[PDB]
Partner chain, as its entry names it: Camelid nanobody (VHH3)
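Only one chain comes next, encoded as structure tokens, the form solved without the partner chain.
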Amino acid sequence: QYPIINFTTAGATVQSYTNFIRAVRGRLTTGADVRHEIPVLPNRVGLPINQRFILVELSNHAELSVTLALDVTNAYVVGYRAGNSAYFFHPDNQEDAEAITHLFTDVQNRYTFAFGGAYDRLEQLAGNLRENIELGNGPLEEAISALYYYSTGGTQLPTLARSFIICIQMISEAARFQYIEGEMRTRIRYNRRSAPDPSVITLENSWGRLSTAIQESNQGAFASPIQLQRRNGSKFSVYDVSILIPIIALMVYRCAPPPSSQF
């Protein structure tokens, strides 16, 4: 079976969420590939199917559980199981449709959504942008129950889409960015629920481009800057990998690392 990492919202603390995110990152990346102190996820090209996914079993104080499946190549959620039903985002291509047949293989009811899991899509479905969907331990407890009751009719599609938005940010994006993990740790420490500020949204939006820019940089120097936002919405220009080392924890593979070429 693919590796499983467990997390519960019931009695969550900063340390139990930290342990969880660190365990997720350790199953996503192997150590082989670290560019500028920043690990790279495995290359999808040639990756054996037995190494392609990991599972995140989420429980809540209401004693419900769902299992999310994450693709190791991008850390993103591809689907989930609740009891005897599994649901998958619409695949991007045939190889990804075949790959997801290897997940939750004994579940009795398997479904593929006709929509994908990208935020533009999920925000249309939810009827709200990320900037208007609160994150924190209470949102996540609620999102776990909403995913669990979907197959029985208790969850309307906008709630299910909002619930995916919450899970993806609090698991996938936190795994990708220590900064976003830190914002979720602060919400647990102060028992706050609050929508993501523009620093969180622009890091999420820029993860792919930051990955490419780091990996195609000249000795760390970007060829072209990337504009992010600070918490108050003002502009932050990124010219080099160095400023991202405390921020980004993993990258999607975009090219092979150039030869070491030390002086």
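Positions refer to the first chain, counted from 1.
Query - Mean C-alpha B-factor comparison - 30 to 38 and 199 to 207, higher one - result: The deposited B-factors put 30 to 38 ahead on the C-alpha mean.
Query - Stretch exceeding the other in mean C-alpha B-factor - 174 to 182, 124 to 132 - result: The deposited B-factors put 124 to 132 ahead on the C-alpha mean.
Query - Among 93, 137, 169, 73 - the residue whose C-alpha B-factor is largest in the record - result: Max CA B-factor in the entry, restricted to 93, 137, 169, 73: 93.
Query raised in the report: Relative to the other modelled residues in the chain, which third contains the C-alpha temperature factor of residue 54: lowest, middle or highest?
Result: Middle third - that is where residue 54 ends up once the chain's C-alpha B-factors are sorted.
Query - Third of the chain, ranked by Cα B-factor, where residue 10 sits - result: CA B-factor rank for residue 10: lowest third.
Query raised in the report: Against its chain's modelled residues, does residue 215's Cα B factor rank lowest, middle or highest third?
Result: Lowest third, going by the recorded CA B-factors of the chain.
Report task. Would you check the entry's CA temperature factor for residue 162 and let me know if it's in the chain's lowest, middle or highest third? Result -> Ranked within chain, residue 162 CA B lands in the lowest tercile.
Query raised in the report: Taking the entry's C-alpha B-factors for this chain, is residue 243 in the lowest, middle or highest third?
Result: Answer is middle: the recorded C-alpha B-factor places it there.
There is another form of the same protein, the form deposited with the partner chain bound; it is not shown, and what comes next is about it.
Query raised in the report: For 136 to 162: residues with a non-hydrogen atom within 4.5 angstroms of the partner chain in the deposited bound form?
Result: Contacting residues: 149, 150, 151, 152, 153, 154, 155, 156, 157.
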